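Before any questions on how it binds or moves, here is one chain, the form deposited in one PDB entry, in structure tokens.
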């Protein structure tokens, strides 16, 4: 039973018996020489396999599959247990890319995603049908930074015999271990905080090994004709789901992570606890600064007294409810734009989860094509600025924003 800081440094890392190299070698190879039939009768990469086993260990899961992106990890997590004609219940407060994946791309493939408001538990239960195969929520939703009641939602999932999937991108295992709170599957965009340096697009699917695969999931308990009548729950025990994801979806769609990307993401995971503790300390200080400023109208961060999600922050995310929060300057839309155009240290771009501090005015950029009614419905107000708080000196971040506010 090693601590978090040991595990983020060492977990899944065997020493190569050829060279004995201390660093993980970059196995930039398409293929491997055979001993051959027993390999195919029962793919992967040895660099990636370290990152896979490391994330599994940090979340306390049985195994993981890395993918080329967060988007591909989400796609794979659903398509592994949902076929044409099936349904998924999802929180409405999703990442834009997740919404369009769910509402459009998947809908065309015959998977119907029913969006509910995650603050209302009755709405989850009321949306479940015979066809429903999973409940999906984000740890901290977009763009509102809402925290769902994980245990309550998990009780609903399990009562109906479906898995609970949590996208934990905004927190990482350092701030929240969804499997400790009823989650059966965890997904990340490792592109964001897990990777940490804005270098490498990557995703991963983590299986708890805690879900009893039932008659609602026949492809997991019945002969697979692609592997000559292999039963995943017989051959792979509690790891049936993640084995099937590798052997079917990674084999067939091939959203695979380059070993070079796995390598770079591992450099980030090596410092995860250190980066994430600095992220949250900086976010809370900057949130408390803006929430007392005369040029600021409102601040939306769960750790601020009065926020609807304050009691859910203290229960589920005691170390800090991520490092992303929104605020509204006084002066509306035109004031927000002046702030974007006057910051010198915050970087103006659409992404979150870099070591560097990030700013965006979604109403003047990402959401500019939509009406204000459409923007408000999507959780975007005219004055709303989103911060992704990096690991710079907090005095420099306060100075930069305070200077723009003036």
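Numbering follows the first chain given and starts at 1. Rigid core (definition): largest C-alpha set, two forms, superposition within 1.5 Å.
Another form exists, deposited in another entry; not displayed. Remarks below refer to it.
Lining up the core between the shown form and the other one shows that one residue from 281, 180, 334, 151 moves its Cα 2 Å or more, and that residue is 334. In a rigid-core overlay of the protein, residue 362 has its C-alpha displaced by at least 2 Å between the shown form and the other one. Once the rigid core is overlaid between the shown form and the other one, residue 12 does not reach a Cα shift of 2 Å, moving by less than that. In a rigid-core overlay of the protein, residue 378 has its C-alpha displaced by at least 2 Å between the shown form and the other one.
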